[PDB]
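The structure appears right after this line, and notes come after that.
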Amino acid sequence: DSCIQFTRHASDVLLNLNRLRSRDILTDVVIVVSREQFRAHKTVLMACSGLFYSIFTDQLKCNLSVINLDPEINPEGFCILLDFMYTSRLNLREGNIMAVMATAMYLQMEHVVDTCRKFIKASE
Amino acid sequence: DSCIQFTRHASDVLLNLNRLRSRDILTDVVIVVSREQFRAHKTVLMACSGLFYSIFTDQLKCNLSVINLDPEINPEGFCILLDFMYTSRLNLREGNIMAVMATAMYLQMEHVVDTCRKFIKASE
Amino acid sequence: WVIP
Amino acid sequence: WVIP
Ligand SMILES: O=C1Cc2cc(Nc3ncncc3Cl)ccc2N1
Ligand SMILES: O=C1Cc2cc(Nc3ncncc3Cl)ccc2N1
Ligand SMILES: [Cl-]
Ligand SMILES: [Cl-]
């Protein structure tokens, strides 16, 4: 086509979605991780994660207001990944890299899994 | 902080939100324009438009599944802006610029209003 | 704004 | 990935 494009549009949209999350506006699901609860928007979770995409396209699960993750999932790893989903920023540290990578593999967040693999390989 | 950032994350999120819109997945509102109906996600509309942000933060309107726009709003202008919201691409043409600018002013989409003003000023 |  |  002959469209023009606003370079900062996608980033501004994600920034606003994160502001709605902060203020708990229009959040439609609670993710339960080892009795730690995280409120989010189903569409943002689907847009970032192969696991949430599969969950919320399921005819029965699409209607659930609570999703319980596997008990092996670490709440801090989930929190770091939820923050990444809404900001593009990943708080990756020596002390959390194993939990973050395991959570990203479970959530099916391939780009996060890739950078964790590379950061681990650099330290060996 | 000491975060790393995935450059293409925001763009990939918006691309996935547009794929959900195309497939009518988790759309939670219908926008009615001169008897033309557009399905969308309330959060994306809020993230892009000052008008939708005000509408869906209202305690009564946040719960509506149908929103009727002012009858002076042109459906093609709305369609072009809805596409921009989900893609960052604006299909701005000599034949639609007046309708697009009027719709962007009503929707309170300041960056769109700005480029329309500039494109109009270049033609005078 | 840019030409994509 | 970049340093923001
Ligand atoms: O690594 C990843 C990230 C990711 C996101 C999604 N999301 C969607 N895919 C296609 N159409 C719409 C959506 Cl919402 C699916 C798989 C994966 N895998
Ligand atoms: O031009 C524009 C675009 C735009 C978006 C919004 N959205 C939000 N603002 C702040 N926190 C969350 C959200 Cl969702 C408000 C005003 C305007 N004005
Ligand atoms: Cl990812
Ligand atoms: Cl705008």
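Chain lettering (A, B, ...) mirrors the order of the structure tokens, residue numbering begins at 1 for each chain separately, and ligand numbering begins at 1 in order of display.
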
Inset, instruction - Just list the residues in range 21-124 of chain A DSSP gives helix (DSSP H, G or I) on the backbone, as a PyMOL selection string. - result: chain A and resi 21-22+42-48+50-56+61-63+75-87+97-107+110-123

Inset, instruction - Compute the set of chain B residues within 8 Å of chain D, using only C-alpha atoms, and express it as a PyMOL selection string. - result: chain B and resi 3-7

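Near ligand 3, at distances of 10 Å or less and with only C-alpha atoms and all ligand atoms counted, sit the residues residues 47, 48, 49, 50, 81, 84, 85, 88, 90, 104, 105, 107, 108, 109, 110, 111, 112, 113, 114 and 115 of chain A; 6, 8, 9, 12 and 13 of chain B.
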
What does the file look like for those residues with C-alpha atoms, as a short mmCIF file (atom, residue, chain, number, x, y, z; two decimals), in the first residue's frame?
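As written to disk, out10.cif reads:
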```cif
data_model
loop_
_atom_site.label_atom_id
_atom_site.label_comp_id
_atom_site.auth_asym_id
_atom_site.auth_seq_id
_atom_site.Cartn_x
_atom_site.Cartn_y
_atom_site.Cartn_z
CA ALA A 47 0.28 -11.81 22.37
CA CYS A 48 3.48 -12.72 24.36
CA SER A 49 3.14 -16.40 25.23
CA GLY A 50 2.45 -19.57 23.25
CA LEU A 81 8.39 -12.33 32.55
CA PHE A 84 8.84 -8.12 30.15
CA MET A 85 5.50 -8.78 28.37
CA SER A 88 10.01 -5.23 26.44
CA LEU A 90 13.86 -8.24 30.93
CA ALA A 104 9.99 -18.79 29.62
CA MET A 105 10.20 -22.42 28.34
CA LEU A 107 5.21 -20.05 28.89
CA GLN A 108 6.62 -20.64 25.35
CA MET A 109 8.37 -17.23 25.01
CA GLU A 110 11.04 -18.24 22.43
CA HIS A 111 13.02 -14.95 22.30
CA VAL A 112 13.44 -14.95 26.13
CA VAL A 113 14.50 -18.66 26.04
CA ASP A 114 17.09 -17.71 23.33
CA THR A 115 18.75 -14.83 25.31
CA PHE B 6 14.02 -6.86 23.07
CA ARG B 8 11.00 -5.92 18.28
CA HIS B 9 8.81 -6.88 21.33
CA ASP B 12 5.41 -8.26 17.74
CA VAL B 13 2.80 -7.67 20.50
#
```

Inset, instruction - Grab the CA of residue 70 in chain A to CA of residue 95 in chain A distance for me, in Å with one decimal place. - result: 21.4 Å

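Between CA of residue 102 in chain A and CA of residue 73 in chain A the interatomic distance comes to 7.8 Å.
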
Legend entry - d(CA of residue 86 in chain B, atom 1 (Cl, counted along the ligand's line) of ligand 4) in Å: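 Going from CA of residue 86 in chain B over to atom 1 (Cl, counted along the ligand's line) of ligand 4 covers 11.4 Å.
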